[PDB]
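Asker: Quick one: the structure is below, and I'll ask about it shortly.
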Amino acid sequence: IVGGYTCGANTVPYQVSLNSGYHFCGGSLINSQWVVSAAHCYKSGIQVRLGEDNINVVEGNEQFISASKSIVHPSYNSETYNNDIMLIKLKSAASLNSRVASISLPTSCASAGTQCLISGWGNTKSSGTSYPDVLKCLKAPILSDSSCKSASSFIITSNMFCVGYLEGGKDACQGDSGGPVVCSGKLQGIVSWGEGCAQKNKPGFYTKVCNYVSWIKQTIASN
Ligand SMILES: COC(=O)[C@H](Cc1cccc(C(=N)N)c1)NC(=O)CNS(=O)(=O)c1ccc(C)cc1
Ligand SMILES: [Ca+2]
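Heads up: the sequence shown is residues 16 to 34, 37 to 67, 69 to 125, 127 to 130, 132 to 184, 184A, 185 to 188, 188A, 189 to 204, 209 to 217, 219 to 221, 221A, 222 to 245, going by PDB author numbering.
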């Protein structure tokens, strides 16, 4: 997260770290057994880490639970990043408490202009590289279709939305991928892609979670 702030320990209790010997992506706990992340974060050997603040120190509120299976969206297109969503099932149920909690799926899509919370342990620099050990947070608005479409030379689909500031300085970044965008109290986005981080006229692109609720519910009903 570039241009954000230290969240405070366990203030974002649905935020998870995905660990394959090291932190590589974020995710969101949606119930005691399932995490939503980005399809581009797929890999084998995932351990889900719940209740984290400092990812490099055991502070006492963590739950480390291995993934049993990962399910990439059936239409995920790595060429275009269309349908950049993945479900991760836990080998055992998380113990839900004040510091480890689920975030609900949306009933309706969030509206342009809504302020959202984006969080993660990703790079904090627009130029260069600095990784924080504690969880970082950013509040930023959903952009119009017009601004989002015109914001990249690359292909933009109806399953993506933009959040941030066209003037630059505030954005998600490398290592934030897969993590949550919470708007109107529900999980509305997944950190998906961007051109660099926090650059002028180059906002973040996010998976539009409200388009996937049927697939998520059907999938978790049978796995
Ligand atoms: C990988 O390095 C980076 O610093 C950012 C990471 C990133 C990840 C998620 C969200 C954001 C964000 N700013 N909201 C940033 N990604 C890139 O900079 C990748 N862009 S890119 O322009 O380098 C690029 C473009 C197209 C292809 C096929 C591959 C790579
Ligand atoms: Ca820790």
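Ideal Cβ placement from N, Cα and C applies to all residues, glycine included.
1. In angstroms with no decimal places, state the Cα-to-Cα distance between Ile89 and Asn34.
2. Anyone know if the C-beta pair for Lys156 and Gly19 falls short of 7 Å?
3. Using only the heavy atoms of ligand 1, determine whether one of them is closer than 6 Å to the beta carbon of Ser195.
4. So, under 8 Å CB-CB, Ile106 and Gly44 are touching, yes? Tell me the CB distance rounded to an integer number of Å.
5. Are the region 137-144 and the region 87-102 in contact at 8 Å, needing three or more beta carbon pairs?
6. What residue range does the alpha helix (DSSP H) around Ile83 cover?
7. Return the residue from the list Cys168, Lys204, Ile238 that minimises the CA-CA distance to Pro225.
8. Please determine whether the Cβ atom of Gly226 lies at a distance below 6 Å from any heavy atom of ligand 1.
Answerer: With the structure as the only source:
1. Here residue 89 refers to the residue found at position 71 of the sequence shown. Here residue 34 refers to the residue found at position 19 of the sequence shown. The alpha-carbon atoms of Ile89 and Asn34 are separated by roughly 17 Å.
2. Indexing the sequence shown from 1 puts residue 156 at position 136. Indexing the sequence shown from 1 puts residue 19 at position 4. Yes; because the gap between Cβ atoms is below 7 Å, this pair is in contact.
3. Stepping through the sequence shown from its first residue, residue 195 is reached at position 177. Yes, ligand 1 has a heavy atom inside 6 Å of this Cβ.
4. As a first step, residue 106 is located in the sequence shown; it is residue number 88 there, counting from the start. As a first step, residue 44 is located in the sequence shown; it is residue number 27 there, counting from the start. At roughly 7 Å, the Cβ-Cβ gap stays under 8 Å, so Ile106 and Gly44 are in contact.
5. no
6. Residue 83 sits at position 65 when you count from the first residue of the sequence shown. Element bounds for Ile83: not the alpha helix (DSSP H) but the beta strand (DSSP E), 81-90.
7. The residue you call residue 225 lines up with position 203 of the sequence shown. Residue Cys168 is the option with its Cα nearest to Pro225.
8. Along the sequence shown, one-based indexing puts residue 226 at 204. Checking every heavy atom of ligand 1 against the Cβ of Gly226, one is found closer than 6 Å.
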